[PDB]
Each structure stands twice: as C-alpha cells, then as structure tokens.
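Chemist: Contents of final-v9.pdb (PDB, C-alpha atoms and all ligand atoms) are below:
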ATOM      1  CA  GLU A   1      26.595   1.214  -2.940  1.00  0.00           C
ATOM      2  CA  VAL A   2      24.468  -1.950  -3.724  1.00  0.00           C
ATOM      3  CA  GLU A   3      25.189  -5.565  -2.945  1.00  0.00           C
ATOM      4  CA  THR A   4      23.285  -8.332  -4.734  1.00  0.00           C
ATOM      5  CA  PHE A   5      22.809 -11.722  -3.138  1.00  0.00           C
ATOM      6  CA  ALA A   6      21.391 -15.089  -4.253  1.00  0.00           C
ATOM      7  CA  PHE A   7      18.545 -16.518  -2.179  1.00  0.00           C
ATOM      8  CA  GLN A   8      19.450 -19.904  -0.742  1.00  0.00           C
ATOM      9  CA  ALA A   9      17.834 -22.619  -2.903  1.00  0.00           C
ATOM     10  CA  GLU A  10      15.161 -23.482  -0.318  1.00  0.00           C
ATOM     11  CA  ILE A  11      14.017 -19.857  -0.014  1.00  0.00           C
ATOM     12  CA  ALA A  12      13.885 -19.382  -3.708  1.00  0.00           C
ATOM     13  CA  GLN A  13      11.743 -22.532  -3.912  1.00  0.00           C
ATOM     14  CA  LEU A  14       9.459 -21.138  -1.117  1.00  0.00           C
ATOM     15  CA  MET A  15       9.021 -17.880  -3.015  1.00  0.00           C
ATOM     16  CA  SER A  16       8.264 -19.704  -6.284  1.00  0.00           C
ATOM     17  CA  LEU A  17       5.719 -21.821  -4.515  1.00  0.00           C
ATOM     18  CA  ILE A  18       4.083 -18.694  -3.031  1.00  0.00           C
ATOM     19  CA  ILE A  19       4.095 -16.895  -6.341  1.00  0.00           C
ATOM     20  CA  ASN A  20       2.925 -19.801  -8.591  1.00  0.00           C
ATOM     21  CA  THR A  21       0.468 -21.893  -6.468  1.00  0.00           C
ATOM     22  CA  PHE A  22      -3.174 -21.166  -7.163  1.00  0.00           C
ATOM     23  CA  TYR A  23      -4.508 -19.883  -3.817  1.00  0.00           C
ATOM     24  CA  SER A  24      -7.263 -17.370  -3.481  1.00  0.00           C
ATOM     25  CA  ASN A  25      -6.996 -16.572   0.299  1.00  0.00           C
ATOM     26  CA  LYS A  26      -4.230 -13.963  -0.312  1.00  0.00           C
ATOM     27  CA  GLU A  27      -5.430 -11.636   2.523  1.00  0.00           C
ATOM     28  CA  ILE A  28      -3.481 -13.576   5.140  1.00  0.00           C
ATOM     29  CA  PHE A  29      -0.275 -11.728   4.035  1.00  0.00           C
ATOM     30  CA  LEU A  30      -1.301  -8.820   6.210  1.00  0.00           C
ATOM     31  CA  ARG A  31      -1.936 -10.942   9.302  1.00  0.00           C
ATOM     32  CA  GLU A  32       1.524 -12.478   8.853  1.00  0.00           C
ATOM     33  CA  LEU A  33       3.269  -9.111   8.529  1.00  0.00           C
ATOM     34  CA  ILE A  34       1.455  -7.626  11.472  1.00  0.00           C
ATOM     35  CA  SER A  35       2.407 -10.746  13.457  1.00  0.00           C
ATOM     36  CA  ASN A  36       6.085 -10.262  12.633  1.00  0.00           C
ATOM     37  CA  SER A  37       5.771  -6.555  13.700  1.00  0.00           C
ATOM     38  CA  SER A  38       4.131  -7.669  16.928  1.00  0.00           C
ATOM     39  CA  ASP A  39       7.000 -10.159  17.645  1.00  0.00           C
ATOM     40  CA  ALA A  40       9.600  -7.399  16.995  1.00  0.00           C
ATOM     41  CA  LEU A  41       7.675  -5.061  19.311  1.00  0.00           C
ATOM     42  CA  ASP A  42       7.584  -7.717  22.051  1.00  0.00           C
ATOM     43  CA  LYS A  43      11.359  -8.040  21.661  1.00  0.00           C
ATOM     44  CA  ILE A  44      12.223  -4.382  22.118  1.00  0.00           C
ATOM     45  CA  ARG A  45       9.710  -4.148  24.940  1.00  0.00           C
ATOM     46  CA  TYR A  46      11.336  -7.111  26.734  1.00  0.00           C
ATOM     47  CA  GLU A  47      14.831  -5.608  26.289  1.00  0.00           C
ATOM     48  CA  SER A  48      13.644  -2.197  27.558  1.00  0.00           C
ATOM     49  CA  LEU A  49      12.399  -3.776  30.883  1.00  0.00           C
ATOM     50  CA  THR A  50      16.035  -4.098  32.029  1.00  0.00           C
ATOM     51  CA  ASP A  51      17.619  -1.290  29.945  1.00  0.00           C
ATOM     52  CA  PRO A  52      15.314   1.694  29.345  1.00  0.00           C
ATOM     53  CA  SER A  53      17.915   3.420  27.187  1.00  0.00           C
ATOM     54  CA  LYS A  54      17.030   0.821  24.495  1.00  0.00           C
ATOM     55  CA  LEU A  55      14.028   3.118  23.884  1.00  0.00           C
ATOM     56  CA  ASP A  56      16.055   6.274  23.317  1.00  0.00           C
ATOM     57  CA  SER A  57      15.552   5.556  19.574  1.00  0.00           C
ATOM     58  CA  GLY A  58      11.770   5.968  20.115  1.00  0.00           C
ATOM     59  CA  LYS A  59       9.464   5.227  23.039  1.00  0.00           C
ATOM     60  CA  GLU A  60       6.233   4.507  21.229  1.00  0.00           C
ATOM     61  CA  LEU A  61       5.504   0.830  20.317  1.00  0.00           C
ATOM     62  CA  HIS A  62       3.042   0.716  17.387  1.00  0.00           C
ATOM     63  CA  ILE A  63       2.156  -0.443  13.883  1.00  0.00           C
ATOM     64  CA  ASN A  64       1.085   1.897  11.090  1.00  0.00           C
ATOM     65  CA  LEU A  65      -0.612   0.733   7.882  1.00  0.00           C
ATOM     66  CA  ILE A  66      -0.043   3.211   5.059  1.00  0.00           C
ATOM     67  CA  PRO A  67      -1.801   2.750   1.682  1.00  0.00           C
ATOM     68  CA  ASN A  68      -0.715   4.852  -1.294  1.00  0.00           C
ATOM     69  CA  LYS A  69      -2.837   4.484  -4.430  1.00  0.00           C
ATOM     70  CA  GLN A  70      -0.577   6.689  -6.608  1.00  0.00           C
ATOM     71  CA  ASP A  71       2.506   4.572  -5.906  1.00  0.00           C
ATOM     72  CA  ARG A  72       0.449   1.355  -5.663  1.00  0.00           C
ATOM     73  CA  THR A  73       2.121   0.523  -2.337  1.00  0.00           C
ATOM     74  CA  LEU A  74       0.929  -0.726   1.005  1.00  0.00           C
ATOM     75  CA  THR A  75       3.403   0.027   3.749  1.00  0.00           C
ATOM     76  CA  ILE A  76       3.533  -1.687   7.141  1.00  0.00           C
ATOM     77  CA  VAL A  77       5.695   0.196   9.666  1.00  0.00           C
ATOM     78  CA  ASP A  78       6.590  -0.866  13.154  1.00  0.00           C
ATOM     79  CA  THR A  79       8.781   0.471  15.950  1.00  0.00           C
ATOM     80  CA  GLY A  80      10.053  -2.906  16.965  1.00  0.00           C
ATOM     81  CA  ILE A  81      13.547  -4.075  17.552  1.00  0.00           C
ATOM     82  CA  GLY A  82      14.564  -3.919  13.865  1.00  0.00           C
ATOM     83  CA  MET A  83      17.189  -5.980  12.166  1.00  0.00           C
ATOM     84  CA  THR A  84      20.947  -5.737  11.740  1.00  0.00           C
ATOM     85  CA  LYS A  85      22.444  -5.971   8.275  1.00  0.00           C
ATOM     86  CA  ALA A  86      23.452  -9.532   9.049  1.00  0.00           C
ATOM     87  CA  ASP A  87      19.939 -10.557  10.045  1.00  0.00           C
ATOM     88  CA  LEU A  88      18.526  -8.880   6.940  1.00  0.00           C
ATOM     89  CA  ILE A  89      20.881 -10.898   4.787  1.00  0.00           C
ATOM     90  CA  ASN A  90      20.216 -14.114   6.753  1.00  0.00           C
ATOM     91  CA  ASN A  91      16.574 -14.281   5.571  1.00  0.00           C
ATOM     92  CA  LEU A  92      15.155 -11.299   7.473  1.00  0.00           C
ATOM     93  CA  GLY A  93      15.811 -12.939  10.832  1.00  0.00           C
ATOM     94  CA  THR A  94      13.919 -16.133   9.974  1.00  0.00           C
ATOM     95  CA  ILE A  95      14.936 -19.820  10.189  1.00  0.00           C
ATOM     96  CA  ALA A  96      13.985 -19.947   6.554  1.00  0.00           C
ATOM     97  CA  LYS A  97      15.784 -23.079   5.464  1.00  0.00           C
ATOM     98  CA  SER A  98      14.512 -25.395   8.175  1.00  0.00           C
ATOM     99  CA  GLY A  99      11.130 -23.613   8.198  1.00  0.00           C
ATOM    100  CA  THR A 100      10.694 -24.029   4.498  1.00  0.00           C
ATOM    101  CA  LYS A 101      11.432 -27.737   4.819  1.00  0.00           C
ATOM    102  CA  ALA A 102       8.835 -28.150   7.581  1.00  0.00           C
ATOM    103  CA  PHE A 103       6.222 -26.040   5.682  1.00  0.00           C
ATOM    104  CA  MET A 104       6.563 -28.069   2.530  1.00  0.00           C
ATOM    105  CA  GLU A 105       6.286 -31.371   4.498  1.00  0.00           C
ATOM    106  CA  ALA A 106       3.154 -29.873   6.177  1.00  0.00           C
ATOM    107  CA  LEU A 107       1.829 -29.032   2.747  1.00  0.00           C
ATOM    108  CA  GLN A 108       2.057 -32.733   1.788  1.00  0.00           C
ATOM    109  CA  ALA A 109       0.171 -33.699   5.086  1.00  0.00           C
ATOM    110  CA  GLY A 110      -2.849 -31.467   4.432  1.00  0.00           C
ATOM    111  CA  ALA A 111      -1.707 -27.956   5.496  1.00  0.00           C
ATOM    112  CA  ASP A 112      -2.449 -24.943   3.322  1.00  0.00           C
ATOM    113  CA  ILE A 113      -0.547 -21.740   2.580  1.00  0.00           C
ATOM    114  CA  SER A 114      -2.426 -19.801   5.315  1.00  0.00           C
ATOM    115  CA  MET A 115      -0.420 -21.816   7.818  1.00  0.00           C
ATOM    116  CA  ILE A 116       2.969 -20.455   6.632  1.00  0.00           C
ATOM    117  CA  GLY A 117       3.479 -18.428   9.844  1.00  0.00           C
ATOM    118  CA  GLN A 118       3.567 -21.648  11.893  1.00  0.00           C
ATOM    119  CA  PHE A 119       6.887 -22.339  10.102  1.00  0.00           C
ATOM    120  CA  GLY A 120       8.613 -19.001  10.826  1.00  0.00           C
ATOM    121  CA  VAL A 121       8.535 -17.755   7.183  1.00  0.00           C
ATOM    122  CA  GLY A 122       5.328 -15.762   7.104  1.00  0.00           C
ATOM    123  CA  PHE A 123       7.243 -12.697   5.821  1.00  0.00           C
ATOM    124  CA  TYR A 124       7.449 -14.354   2.384  1.00  0.00           C
ATOM    125  CA  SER A 125       3.651 -14.331   2.159  1.00  0.00           C
ATOM    126  CA  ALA A 126       4.158 -10.719   1.050  1.00  0.00           C
ATOM    127  CA  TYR A 127       4.686 -12.263  -2.391  1.00  0.00           C
ATOM    128  CA  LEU A 128       1.010 -13.329  -2.540  1.00  0.00           C
ATOM    129  CA  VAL A 129       0.151  -9.716  -3.353  1.00  0.00           C
ATOM    130  CA  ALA A 130       3.438  -7.836  -4.108  1.00  0.00           C
ATOM    131  CA  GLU A 131       5.523  -7.915  -7.276  1.00  0.00           C
ATOM    132  CA  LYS A 132       8.356  -6.251  -5.347  1.00  0.00           C
ATOM    133  CA  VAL A 133       9.054  -5.895  -1.612  1.00  0.00           C
ATOM    134  CA  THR A 134      11.231  -3.324  -0.018  1.00  0.00           C
ATOM    135  CA  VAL A 135      12.232  -3.574   3.701  1.00  0.00           C
ATOM    136  CA  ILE A 136      13.795  -0.621   5.472  1.00  0.00           C
ATOM    137  CA  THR A 137      15.111  -1.535   8.939  1.00  0.00           C
ATOM    138  CA  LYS A 138      17.024   0.040  11.829  1.00  0.00           C
ATOM    139  CA  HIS A 139      18.309  -1.831  14.832  1.00  0.00           C
ATOM    140  CA  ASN A 140      19.868  -0.007  17.784  1.00  0.00           C
ATOM    141  CA  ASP A 141      23.241  -1.762  17.131  1.00  0.00           C
ATOM    142  CA  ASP A 142      23.498  -0.917  13.380  1.00  0.00           C
ATOM    143  CA  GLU A 143      22.795   1.587  10.581  1.00  0.00           C
ATOM    144  CA  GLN A 144      19.616   1.873   8.553  1.00  0.00           C
ATOM    145  CA  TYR A 145      19.458  -0.575   5.622  1.00  0.00           C
ATOM    146  CA  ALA A 146      17.179  -1.244   2.678  1.00  0.00           C
ATOM    147  CA  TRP A 147      16.574  -4.797   1.442  1.00  0.00           C
ATOM    148  CA  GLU A 148      14.783  -5.402  -1.778  1.00  0.00           C
ATOM    149  CA  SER A 149      13.558  -8.256  -3.983  1.00  0.00           C
ATOM    150  CA  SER A 150      11.297  -8.854  -6.911  1.00  0.00           C
ATOM    151  CA  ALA A 151      11.951 -12.505  -6.353  1.00  0.00           C
ATOM    152  CA  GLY A 152      13.569 -14.285  -9.342  1.00  0.00           C
ATOM    153  CA  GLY A 153      16.314 -15.689  -7.131  1.00  0.00           C
ATOM    154  CA  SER A 154      18.034 -12.511  -5.853  1.00  0.00           C
ATOM    155  CA  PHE A 155      17.834  -9.665  -3.399  1.00  0.00           C
ATOM    156  CA  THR A 156      19.697  -6.436  -2.791  1.00  0.00           C
ATOM    157  CA  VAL A 157      21.018  -4.720   0.264  1.00  0.00           C
ATOM    158  CA  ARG A 158      22.109  -1.092   0.556  1.00  0.00           C
ATOM    159  CA  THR A 159      22.664   1.530   3.260  1.00  0.00           C
ATOM    160  CA  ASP A 160      19.454   3.534   3.326  1.00  0.00           C
ATOM    161  CA  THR A 161      19.776   7.226   2.893  1.00  0.00           C
ATOM    162  CA  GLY A 162      15.917   7.750   2.857  1.00  0.00           C
ATOM    163  CA  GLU A 163      14.061   9.168   5.891  1.00  0.00           C
ATOM    164  CA  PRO A 164      15.620   8.090   9.209  1.00  0.00           C
ATOM    165  CA  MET A 165      13.341   5.792  11.100  1.00  0.00           C
ATOM    166  CA  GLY A 166      14.722   5.835  14.625  1.00  0.00           C
ATOM    167  CA  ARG A 167      14.206   2.105  15.176  1.00  0.00           C
ATOM    168  CA  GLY A 168      12.108  -0.736  13.681  1.00  0.00           C
ATOM    169  CA  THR A 169      11.134  -2.177  10.314  1.00  0.00           C
ATOM    170  CA  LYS A 170       9.134  -0.894   7.382  1.00  0.00           C
ATOM    171  CA  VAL A 171       7.830  -3.327   4.757  1.00  0.00           C
ATOM    172  CA  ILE A 172       6.810  -1.618   1.489  1.00  0.00           C
ATOM    173  CA  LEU A 173       4.580  -3.806  -0.682  1.00  0.00           C
ATOM    174  CA  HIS A 174       4.645  -2.776  -4.384  1.00  0.00           C
ATOM    175  CA  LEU A 175       1.343  -4.488  -5.227  1.00  0.00           C
ATOM    176  CA  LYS A 176       0.613  -6.563  -8.259  1.00  0.00           C
ATOM    177  CA  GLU A 177      -1.769  -4.827 -10.661  1.00  0.00           C
ATOM    178  CA  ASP A 178      -4.648  -7.163  -9.830  1.00  0.00           C
ATOM    179  CA  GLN A 179      -4.289  -6.751  -6.010  1.00  0.00           C
ATOM    180  CA  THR A 180      -5.159  -3.083  -5.476  1.00  0.00           C
ATOM    181  CA  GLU A 181      -8.035  -4.069  -3.246  1.00  0.00           C
ATOM    182  CA  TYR A 182      -5.479  -3.999  -0.436  1.00  0.00           C
ATOM    183  CA  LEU A 183      -5.256  -0.226  -0.756  1.00  0.00           C
ATOM    184  CA  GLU A 184      -8.964   0.317   0.025  1.00  0.00           C
ATOM    185  CA  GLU A 185      -9.643   1.518   3.558  1.00  0.00           C
ATOM    186  CA  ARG A 186     -12.658  -0.757   4.063  1.00  0.00           C
ATOM    187  CA  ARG A 187     -10.787  -3.866   2.880  1.00  0.00           C
ATOM    188  CA  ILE A 188      -7.774  -3.146   5.124  1.00  0.00           C
ATOM    189  CA  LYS A 189     -10.089  -2.573   8.089  1.00  0.00           C
ATOM    190  CA  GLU A 190     -11.903  -5.813   7.417  1.00  0.00           C
ATOM    191  CA  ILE A 191      -8.718  -7.844   7.325  1.00  0.00           C
ATOM    192  CA  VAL A 192      -7.321  -6.232  10.506  1.00  0.00           C
ATOM    193  CA  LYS A 193     -10.577  -6.964  12.306  1.00  0.00           C
ATOM    194  CA  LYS A 194     -10.775 -10.573  10.974  1.00  0.00           C
ATOM    195  CA  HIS A 195      -7.176 -11.677  11.714  1.00  0.00           C
ATOM    196  CA  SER A 196      -5.384  -9.071  13.877  1.00  0.00           C
ATOM    197  CA  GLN A 197      -8.031  -7.900  16.316  1.00  0.00           C
ATOM    198  CA  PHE A 198      -6.165  -8.838  19.589  1.00  0.00           C
ATOM    199  CA  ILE A 199      -2.689  -7.637  18.573  1.00  0.00           C
ATOM    200  CA  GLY A 200      -1.179  -5.910  21.672  1.00  0.00           C
ATOM    201  CA  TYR A 201      -0.057  -2.644  20.091  1.00  0.00           C
ATOM    202  CA  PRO A 202      -2.045   0.101  18.411  1.00  0.00           C
ATOM    203  CA  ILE A 203      -2.584  -0.372  14.672  1.00  0.00           C
ATOM    204  CA  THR A 204      -3.265   2.880  12.855  1.00  0.00           C
ATOM    205  CA  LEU A 205      -4.687   2.759   9.399  1.00  0.00           C
ATOM    206  CA  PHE A 206      -3.675   5.939   7.590  1.00  0.00           C
ATOM    207  CA  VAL A 207      -6.043   7.582   5.187  1.00  0.00           C
ATOM    208  CA  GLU A 208      -5.290   9.176   1.832  1.00  0.00           C
TER
HETATM  209  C1  LIG A 301      13.155 -12.455  16.042  1.00  0.00           C
HETATM  210  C2  LIG A 301      13.804 -11.200  16.584  1.00  0.00           C
HETATM  211  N1  LIG A 301      14.023 -10.211  15.547  1.00  0.00           N
HETATM  212  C3  LIG A 301      13.058  -9.380  15.164  1.00  0.00           C
HETATM  213  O1  LIG A 301      12.021  -9.232  15.789  1.00  0.00           O
HETATM  214  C4  LIG A 301      13.304  -8.603  13.888  1.00  0.00           C
HETATM  215  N2  LIG A 301      12.059  -8.629  13.106  1.00  0.00           N
HETATM  216  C5  LIG A 301      11.784  -7.537  12.283  1.00  0.00           C
HETATM  217  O2  LIG A 301      12.427  -6.505  12.391  1.00  0.00           O
HETATM  218  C6  LIG A 301      10.708  -7.657  11.287  1.00  0.00           C
HETATM  219  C7  LIG A 301      10.828  -8.538  10.221  1.00  0.00           C
HETATM  220  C8  LIG A 301       9.802  -8.640   9.287  1.00  0.00           C
HETATM  221  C9  LIG A 301       8.645  -7.872   9.397  1.00  0.00           C
HETATM  222  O3  LIG A 301       7.663  -8.001   8.463  1.00  0.00           O
HETATM  223  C10 LIG A 301       8.479  -6.976  10.448  1.00  0.00           C
HETATM  224  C11 LIG A 301       9.476  -6.838  11.406  1.00  0.00           C
HETATM  225  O4  LIG A 301       9.324  -5.963  12.439  1.00  0.00           O
HETATM  226  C12 LIG A 301      11.571  -9.920  12.823  1.00  0.00           C
HETATM  227  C13 LIG A 301      10.271 -10.265  13.173  1.00  0.00           C
HETATM  228  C14 LIG A 301       9.791 -11.538  12.893  1.00  0.00           C
HETATM  229  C15 LIG A 301      10.611 -12.467  12.263  1.00  0.00           C
HETATM  230  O5  LIG A 301      10.138 -13.723  11.988  1.00  0.00           O
HETATM  231  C16 LIG A 301       8.948 -14.190  12.618  1.00  0.00           C
HETATM  232  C17 LIG A 301      11.911 -12.122  11.913  1.00  0.00           C
HETATM  233  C18 LIG A 301      12.392 -10.849  12.194  1.00  0.00           C
END
Could the structure of this file be written out as structure tokens, please?

Modeler:
Amino acid sequence: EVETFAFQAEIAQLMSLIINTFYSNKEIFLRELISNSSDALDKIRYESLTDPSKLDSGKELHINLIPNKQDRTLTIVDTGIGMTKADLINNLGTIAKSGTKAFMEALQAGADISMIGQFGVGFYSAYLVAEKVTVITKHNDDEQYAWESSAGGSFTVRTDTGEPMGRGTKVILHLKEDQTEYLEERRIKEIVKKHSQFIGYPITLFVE
C-alpha cells in the first residue's frame, strides 16, 4: 500500500533550512502555494485550447482555501493540471536540486526566504507553518495519489482512496501549534489581498 522514499540530500537540506532558520515573515507560504496552483491552472488551460476533452475531468478553473480549526488544517485546492505519480516522487514537479543550489547561493548574496519562489521550490515554504504536509493530486494521465511528509528526510506515496478529485492538486497543511493564525478568516483574507490580489482565477475562502 505505502512506499517510503528518501528526500535527495539537497531537498532535505532545503527543508531543514526552512524549518530551522529564524524568519518571522512566514505568511508568504500562502502566496507561494497559490502561485503554484495558478501555474498548474495555466497549464491545463493552455492544453485545453487545442484539446477541450482535457477538461472532461472538470471545467471550472479555481482555487479554494479551506480552514478547519478542529483538525488544525489549512487546505489549498486547485483544479489545475495535477501531477503524475512520477512527478510527485520527483519533488512535486519542481527542479528542486538545481533550484535549491541557486536559492542557497542567493541567500549568501543578500536574498531572503521570501524569495524562494524565484528558485522553483516555493512549495517547500509550506514547512514555515506546517508540521506535516499532505498532497493529494490527480492528473488526467494517472490515478489519484497522496504524498506525505513530516520532513525528517522522508516522504510517502500511496494510491489515494479518499474523495475523488476529478483533476488537480490539494495541499493539506497540518499546522504547527503556534501557527493557528492561518485558520482565521480575517488573517487569510489579509494575506490573499496583500500577495495574491491579481491571481487570474477565482479564490474562494471557505468559512467554518
Ligand atoms: C509545472 C507543470 N506541472 C504542474 O503544474 C503540476 N503542479 C501541481 O499540480 C501543483 C504542485 C504544488 C502545488 O502547491 C499546487 C499545484 O497545483 C505544479 C505546480 C507548480 C510547480 O512548481 C512551481 C510544480 C508542480
């Protein structure tokens, strides 16, 4: 049922850096996840321009933000292109090894952690606020999979038998105990407005 994988050394080192570096501007995680959702949405949209059947798995292109205070989770769901199992395993479709190298060189020439998305690894910013991250994805060419990691060097992949998603990627942030501010409606709204206000797809903030 469950396969366990080692992170490549460079990715593990990125995640340690994210987890251990003192850095108060944690809110940028959400901008970086919304940006990835936006890029995935652009991708399925571009494919659909020449093959409309690519949208048979769902026509609507959007991003939902779902806080759950009982589970202590913030969920970001998109209806983008999704990821195959292989892309999930290969660093959630990122150029993580080369991007980590470039990010860490940038960090020695004055950059700060908020600039992580310039290096193609903004996904890992989830670890600013989450103790555990679960990613459920469905790409038209593959089955639905669940990836999971509490960092510490490893991640799991399994076929997901949860709710079918049709197509796209869902990122479930199991928040650290001291980061529950990111479940408050007014805080989420503030961050969306500050950093994600011109995103080209509707962003719906669910209420509880
Ligand atoms: C690049 C083409 N492939 C996808 O578009 C799949 N894509 C996702 O499915 C995805 C991944 C992470 C995420 O938080 C949200 C998402 O929709 C993805 C988006 C960005 C990315 O690096 C910037 C890597 C993968």

Chemist: Contacts of residue A:203 at 10 Å or less, counting all atoms listed in the file, minus same-chain residues fewer than 3 places along, as a tab-separated table (two decimals) with C-alpha atoms, in the frame of the given file?

Modeler:
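Written out: out-v7.tsv:
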chain	number	residue	atom	x	y	z
A	34	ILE	CA	1.46	-7.63	11.47
A	61	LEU	CA	5.50	0.83	20.32
A	62	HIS	CA	3.04	0.72	17.39
A	63	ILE	CA	2.16	-0.44	13.88
A	64	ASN	CA	1.08	1.90	11.09
A	65	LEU	CA	-0.61	0.73	7.88
A	76	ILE	CA	3.53	-1.69	7.14
A	77	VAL	CA	5.70	0.20	9.67
A	78	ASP	CA	6.59	-0.87	13.15
A	192	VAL	CA	-7.32	-6.23	10.51
A	196	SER	CA	-5.38	-9.07	13.88
A	197	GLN	CA	-8.03	-7.90	16.32
A	199	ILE	CA	-2.69	-7.64	18.57
A	200	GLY	CA	-1.18	-5.91	21.67
A	206	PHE	CA	-3.68	5.94	7.59

Chemist: If the PyMOL selection byres (((not hetatm)) within 7 of (chain A and resi 301)) were run on this exact file, what residues would it hold? Put them as a list in words.

Modeler: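 Against this file, the PyMOL selection byres (((not hetatm)) within 7 of (chain A and resi 301)) returns the residues residues 33, 34, 36, 37, 39, 40, 41, 43, 78, 80, 81, 82, 83, 92, 93, 94, 120, 121, 122, 123, 137, 168, 169, 170 and 171 of chain A.
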
Chemist: Which value, in Å to one decimal, gives the distance between atom CA of residue A:151 and atom CA of residue A:7?

Modeler: 8.8 Å

Chemist: Need the shell around residue A:19: protein/DNA/RNA residues with any atom at most 10 Å away, counting only C-alpha atoms. Skip same-chain ones fewer than 6 positions apart. Format as a PDB file with C-alpha atoms, keeping the file's coordinate frame?

Modeler:
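Okay, this is what ended up in around.pdb:
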ATOM      1  CA  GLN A  13      11.743 -22.532  -3.912  1.00  0.00           C
ATOM      2  CA  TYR A 124       7.449 -14.354   2.384  1.00  0.00           C
ATOM      3  CA  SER A 125       3.651 -14.331   2.159  1.00  0.00           C
ATOM      4  CA  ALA A 126       4.158 -10.719   1.050  1.00  0.00           C
ATOM      5  CA  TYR A 127       4.686 -12.263  -2.391  1.00  0.00           C
ATOM      6  CA  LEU A 128       1.010 -13.329  -2.540  1.00  0.00           C
ATOM      7  CA  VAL A 129       0.151  -9.716  -3.353  1.00  0.00           C
ATOM      8  CA  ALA A 130       3.438  -7.836  -4.108  1.00  0.00           C
ATOM      9  CA  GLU A 131       5.523  -7.915  -7.276  1.00  0.00           C
ATOM     10  CA  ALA A 151      11.951 -12.505  -6.353  1.00  0.00           C
TER      11      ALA A 151
END

Chemist: When you draw a straight line from atom CA of residue A:114 to atom CA of residue A:26, how long is it in Å?

Modeler: 8.3 Å

Chemist: What is the distance between atom CA of residue A:166 and atom CA of residue A:2, in Å to one decimal?

Modeler: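 Separation between atom CA of residue A:166 and atom CA of residue A:2: 22.2 Å.
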
Chemist: In terms of the shortest atom-to-atom distance over only C-alpha atoms, which of A:208, A:148, A:3, A:185 is closest to residue A:70?

Modeler: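 Under the stated criterion, the closest residue is A:208.
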
Chemist: Can you tell me, as a list in words, what residues are no more than 8 Å from residue A:146 when counting all atoms listed in the file, ignoring any on the same chain fewer than 4 positions away?

Modeler: residues 134, 135, 136, 137, 156, 157, 158, 159 and 160 of chain A

Chemist: Between A:164, A:48, A:133, A:201, which one has atoms that come closest to residue A:73, using only C-alpha atoms?

Modeler: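 Going through A:164, A:48, A:133, A:201 one by one, the smallest distance to residue A:73 is for A:133.
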
Chemist: Nearest to residue A:154: which of A:25, A:84, A:20, A:91 is it, counting all atoms listed in the file?

Modeler: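 Selected residue with least distance to residue A:154: A:91.
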
Chemist: Between A:16, A:57, A:75, A:38, which is the closest to residue A:174 once you count only C-alpha atoms?

Modeler: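 Using only C-alpha atoms, residue A:174 sits closest to A:75.
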
Chemist: Given 3 Å on each side, where is the centre and what are the edge lengths in Å to one decimal of the axis-aligned box enclosing the listed atoms of stretch 68-73 of chain A, as lines of an AutoDock Vina configuration file?

Modeler:
center_x = -0.2
center_y = 3.6
center_z = -4.0
size_x = 11.3
size_y = 12.2
size_z = 11.3

Chemist: Looking at A:29, A:112, A:79, A:132, which one is nearest to residue A:152, with distances taken over only C-alpha atoms?

Modeler: A:132

Chemist: Start from the incomplete input, build N, CA, C and O atoms for stretch 16-27 of chain A, and deliver everything as a PDB file, in the coordinates of the input.

Modeler:
ATOM      1  N   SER A  16       8.960 -19.187  -5.097  1.00  0.00           N
ATOM      2  CA  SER A  16       8.264 -19.704  -6.284  1.00  0.00           C
ATOM      3  C   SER A  16       6.967 -20.366  -5.984  1.00  0.00           C
ATOM      4  O   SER A  16       6.010 -20.180  -6.741  1.00  0.00           O
ATOM      5  N   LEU A  17       6.950 -21.159  -4.930  1.00  0.00           N
ATOM      6  CA  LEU A  17       5.719 -21.821  -4.515  1.00  0.00           C
ATOM      7  C   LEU A  17       4.626 -20.787  -4.172  1.00  0.00           C
ATOM      8  O   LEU A  17       3.488 -20.879  -4.621  1.00  0.00           O
ATOM      9  N   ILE A  18       4.998 -19.769  -3.403  1.00  0.00           N
ATOM     10  CA  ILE A  18       4.083 -18.694  -3.031  1.00  0.00           C
ATOM     11  C   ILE A  18       3.555 -17.948  -4.236  1.00  0.00           C
ATOM     12  O   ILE A  18       2.362 -17.559  -4.263  1.00  0.00           O
ATOM     13  N   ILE A  19       4.430 -17.693  -5.197  1.00  0.00           N
ATOM     14  CA  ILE A  19       4.095 -16.895  -6.341  1.00  0.00           C
ATOM     15  C   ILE A  19       3.228 -17.728  -7.324  1.00  0.00           C
ATOM     16  O   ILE A  19       2.291 -17.213  -7.873  1.00  0.00           O
ATOM     17  N   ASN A  20       3.518 -19.015  -7.483  1.00  0.00           N
ATOM     18  CA  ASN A  20       2.925 -19.801  -8.591  1.00  0.00           C
ATOM     19  C   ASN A  20       1.693 -20.680  -8.224  1.00  0.00           C
ATOM     20  O   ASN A  20       0.928 -21.018  -9.117  1.00  0.00           O
ATOM     21  N   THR A  21       1.528 -21.027  -6.947  1.00  0.00           N
ATOM     22  CA  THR A  21       0.468 -21.893  -6.468  1.00  0.00           C
ATOM     23  C   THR A  21      -0.853 -21.157  -6.539  1.00  0.00           C
ATOM     24  O   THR A  21      -0.924 -19.981  -6.171  1.00  0.00           O
ATOM     25  N   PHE A  22      -1.883 -21.814  -7.083  1.00  0.00           N
ATOM     26  CA  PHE A  22      -3.174 -21.166  -7.163  1.00  0.00           C
ATOM     27  C   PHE A  22      -3.787 -21.191  -5.755  1.00  0.00           C
ATOM     28  O   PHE A  22      -3.896 -22.249  -5.119  1.00  0.00           O
ATOM     29  N   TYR A  23      -4.118 -20.003  -5.239  1.00  0.00           N
ATOM     30  CA  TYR A  23      -4.508 -19.883  -3.817  1.00  0.00           C
ATOM     31  C   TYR A  23      -5.177 -18.551  -3.608  1.00  0.00           C
ATOM     32  O   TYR A  23      -4.484 -17.499  -3.539  1.00  0.00           O
ATOM     33  N   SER A  24      -6.497 -18.571  -3.469  1.00  0.00           N
ATOM     34  CA  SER A  24      -7.263 -17.370  -3.481  1.00  0.00           C
ATOM     35  C   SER A  24      -7.202 -16.569  -2.162  1.00  0.00           C
ATOM     36  O   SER A  24      -7.443 -15.385  -2.226  1.00  0.00           O
ATOM     37  N   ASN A  25      -6.893 -17.205  -1.015  1.00  0.00           N
ATOM     38  CA  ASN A  25      -6.996 -16.572   0.299  1.00  0.00           C
ATOM     39  C   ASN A  25      -5.717 -15.715   0.572  1.00  0.00           C
ATOM     40  O   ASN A  25      -4.995 -15.905   1.555  1.00  0.00           O
ATOM     41  N   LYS A  26      -5.442 -14.784  -0.343  1.00  0.00           N
ATOM     42  CA  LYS A  26      -4.230 -13.963  -0.312  1.00  0.00           C
ATOM     43  C   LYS A  26      -4.176 -13.013   0.882  1.00  0.00           C
ATOM     44  O   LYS A  26      -3.055 -12.607   1.307  1.00  0.00           O
ATOM     45  N   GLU A  27      -5.344 -12.663   1.433  1.00  0.00           N
ATOM     46  CA  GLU A  27      -5.430 -11.636   2.523  1.00  0.00           C
ATOM     47  C   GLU A  27      -4.608 -11.933   3.755  1.00  0.00           C
ATOM     48  O   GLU A  27      -4.275 -10.990   4.496  1.00  0.00           O
TER      49      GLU A  27
END
